[PDB]
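Residue numbers (the deposited numbering): 867 to 903, 927 to 965.
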């Protein structure tokens with residue numbers, strides 16, 4: 867949330883204040899930043938790892954496309 871405002875909010879004073887905050891806190895080395903922190930088969934279907942013939946391939950991809958919008962409740 868410190869960095870998100872740099873690409874969303876644009877008012878110059880706000881950005882100067884944000885970077886000032888970052889500087890005062892100051893340069894955490896990324897290692898500690900990381901320390902503090927199924928679609929797999931469908932992904933292989935997107936590449937056809939199983940080497941299916943194209944005829945039995947279009948149904949799978951069209952289906953996964955339809956399920957992608959059908960699962961999301963935001964646009965029902």
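Cβ coordinates follow ideal geometry from the N, Cα and C atoms, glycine included.
What first and last residue would you give for the alpha helix (DSSP H) that runs through residue i?
i           : result
residue 876 : First-last for residue 876: undefined, no H or E at that position.
residue 961 : Note, residue 961: premise wrong, no alpha helix (DSSP H); not H, not E.
residue 895 : Here residue 895 belongs to no alpha helix (DSSP H), and DSSP marks it neither H nor E.
residue 936 : 928-936
Find out if the Cβ-Cβ distance for the pair residue i, residue j is shorter than 8 Å.
i           : j           : result
residue 949 : residue 934 : yes
residue 881 : residue 890 : no
Nearest CA to the CA of residue i: which residue from the options?
i           : options       : result
residue 887 : 957, 961, 867 : 867
residue 952 : 962, 936, 931 : 931
residue 869 : 885, 879, 877 : 885
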